[PDB]
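Report on the following structure.
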There are 4 protein chains.
Amino acid sequence: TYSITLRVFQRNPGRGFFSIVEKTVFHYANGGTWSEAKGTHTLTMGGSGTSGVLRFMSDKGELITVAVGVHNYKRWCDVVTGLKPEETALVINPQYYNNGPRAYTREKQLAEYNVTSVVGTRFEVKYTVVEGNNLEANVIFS
Amino acid sequence: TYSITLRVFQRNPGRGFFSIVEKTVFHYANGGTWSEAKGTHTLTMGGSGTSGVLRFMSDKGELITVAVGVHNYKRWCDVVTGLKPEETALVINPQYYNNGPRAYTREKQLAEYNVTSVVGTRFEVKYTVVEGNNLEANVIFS
Amino acid sequence: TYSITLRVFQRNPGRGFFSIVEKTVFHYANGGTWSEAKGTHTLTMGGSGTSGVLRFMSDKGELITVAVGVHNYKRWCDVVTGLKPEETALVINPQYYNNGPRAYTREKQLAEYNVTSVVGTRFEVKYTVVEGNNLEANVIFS
Amino acid sequence: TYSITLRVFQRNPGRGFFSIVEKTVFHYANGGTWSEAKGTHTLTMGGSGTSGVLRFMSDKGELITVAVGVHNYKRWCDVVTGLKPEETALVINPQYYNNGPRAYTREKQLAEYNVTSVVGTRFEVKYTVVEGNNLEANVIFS
Ligand SMILES: CC(=O)N[C@@H]1[C@@H](O[C@@H]2O[C@H](CO)[C@H](O)[C@H](O)[C@H]2O)[C@@H](O)[C@@H](CO)O[C@@H]1O
Ligand SMILES: CC(=O)N[C@@H]1[C@@H](O[C@@H]2O[C@H](CO)[C@H](O)[C@H](O)[C@H]2O)[C@@H](O)[C@@H](CO)O[C@@H]1O
Ligand SMILES: CC(=O)N[C@@H]1[C@@H](O[C@@H]2O[C@H](CO)[C@H](O)[C@H](O)[C@H]2O)[C@@H](O)[C@@H](CO)O[C@@H]1O
Ligand SMILES: CC(=O)N[C@@H]1[C@@H](O[C@@H]2O[C@H](CO)[C@H](O)[C@H](O)[C@H]2O)[C@@H](O)[C@@H](CO)O[C@@H]1O
């Protein structure tokens, strides 16, 4: 099994306050499950080669997704911003597979990624444990 | 908009204790979002014709999904039990659409449904507010 | 240290639906802390001789407390029903100590307790692991 | 009645990550209740003249309390840092009343408060809606 534990940091009240509105798990590698403990979020997966997505909404209406997973035994991440209401995590998560338009991002196996949304919100995923089967990352909103 | 608010009742400790491991929203009708308040769960959707799925896991390892949505202005529900780990909610939710194998169940527009899993766990969805745009249901595990 | 992990089972929608409104920890035995994981609640305490209280409110307005702790190396519990709004858990938890009016209930060291409230709600605390430092109990509202 | 709704912003992973370990409500003004919705926390109180406390623990072991309430129709707040394990919120909340050692801090009726702890964690409470019965504040750990 692989697990990825996420801690969510929100830095700037001027950007609003984000909460989870959806959590998906892709079906490769015997799937996996999201759980919550002590304010953290863990994605537990059956092996290397799958992922899951958290979609967040802010109290100012902004919609963004955070994807984390393991690709060929190395962690990966992505953040997609500027989402329309119909672009749910259920739409987004499969786009990383089957030659979909985000596959290249999974293939990068990034240990960190940073994006600013068109409305001006910074998002970062930064893995703090970057190797092994019990991975850890901070997800930072600003 | 349509909303469906769920209250989860668990009746029989001998069946174990269930917690949410995944939540999806289908992309029709401008999608929608899951939220939590006072121990309840609300699916808020952009109109009639979409749905979302909660997947639960028990502390005894059982995996089941609860689907709720609105079809032609009437509520519907379904429960799928006996799931394998790879049969995530991301796999299940689309099976209600595009002529998938569960579409017929959505089309029934049920206000209640009951199933017992092969391992012996009863599940019921019972709508307590069955009309209008602010729907309410109890989800009962036993 | 001692821990008590609680699983809350709500059985009967006719009683309404309860959520937590307060959680206290008494200061003996170097105090302790509440945490949440996978839908469960754990009170971790620095030794034998302290306790904590969860107060619940139903969506019908009912207020009740559940107390759990360890007294002379044995678990104890209590459920107080029919509470007025001014009788917060901060009022109730100290009543088990300093010769207060509920000390005798702590001294019973009960592994199970059953009480039905003035409005008809049945409450049960039943320890499923009843000995040792890693205690477990089901809290059932029926 | 008065309510105070809190949004918790954790800014700086270098301080570790905090989660709630206790929530108390003082018994004046007919008491009150904590609730959670969309990642936020609301204390609802029966009138002016009471308060509640959230205690937080970081994954580095740091213990701090945040107190919010209404005193003579104006909001107040406090943050106490450097707490020992025996100094639970049940100990701290009453210290603002009955001529206790923190009463003067309640009497200040602060709309903002900033303090840095012995281990270097910055804490700010800043009310964003500072008048009326539906108060709002950001709690920032930095
Ligand atoms: C070892 C690894 O990460 N492999 C990745 C693939 O994962 C495998 O996918 C298959 C289905 O094709 C099956 O579910 C296996 O259990 C799973 O490990 C897959 O994610 C591909 C996608 O391009 O990348 C790797 O090869
Ligand atoms: C009114 C209604 O419930 N219609 C259902 C359909 O929903 C519509 O679906 C389209 C896409 O085809 C679009 O997303 C609309 O916004 C949405 O209302 C759809 O769910 C079908 C599935 O067979 O059933 C109804 O017709
Ligand atoms: C061993 C045990 O459970 N003792 C109980 C007492 O707990 C002790 O209390 C003192 C303070 O007086 C101190 O906090 C110790 O750490 C703690 O173990 C206490 O709960 C009394 C209450 O009557 O019962 C036992 O003696
Ligand atoms: C109006 C107001 O905020 N009054 C504060 C007091 O609150 C009152 O307290 C009494 C009990 O003495 C009772 O519970 C009332 O309902 C409540 O409004 C109290 O907090 C004092 C503390 O010094 O300050 C104000 O007077």
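Values reported hereafter were calculated over all heavy atoms of this structure, with side chains retained and with hydrogens, waters and symmetry mates removed. A, B, ... follow the sequence lines: proteins, then strands. Residue 1 opens every chain.
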Report task. Write down the atom of C/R7, the atom of B/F17, and the distance for their closest heavy-atom approach. Result -> CD-CB, 3.7 Å

Query raised in the report: Which answer fits C/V8, side chain, backbone, both or neither, if we ask what part of it has an atom under 4.5 Å from a heavy atom of chain B?
Result: backbone

**Report entry** Exercise: identify the closest heavy-atom pair between C/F9 and B/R11
**Finding:** CD2-N, 4.5 Å

Report task. Compare all side-chain heavy atoms of C/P13 with those of B/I140 and state whether any distance is below 4.5 angstrom. Result -> yes

Report summary line: Scanning both residues in full, the closest heavy-atom pair of B/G39 with C/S19 reads N-CB, 4.4 Å

**Report entry** B/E107, CD: over 12 other non-hydrogen atoms inside 6.0 angstrom
**Finding:** yes

Query raised in the report: Is B/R102 atom CZ crowded by more than 12 heavy atoms from other residues, nucleotides or ligands, each under 6.0 Å away?
Result: yes

Requested in this report: Measure distances from C/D59 to the heavy atoms of chain B and classify the residue's part below 4.5 Å as side chain, backbone, both or neither.
Outcome: side chain

Query raised in the report: In Å, rounded to the nearest 0.5 Å, how long is the span from CG of B/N138 to CD of C/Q10?
Result: 10.5 Å

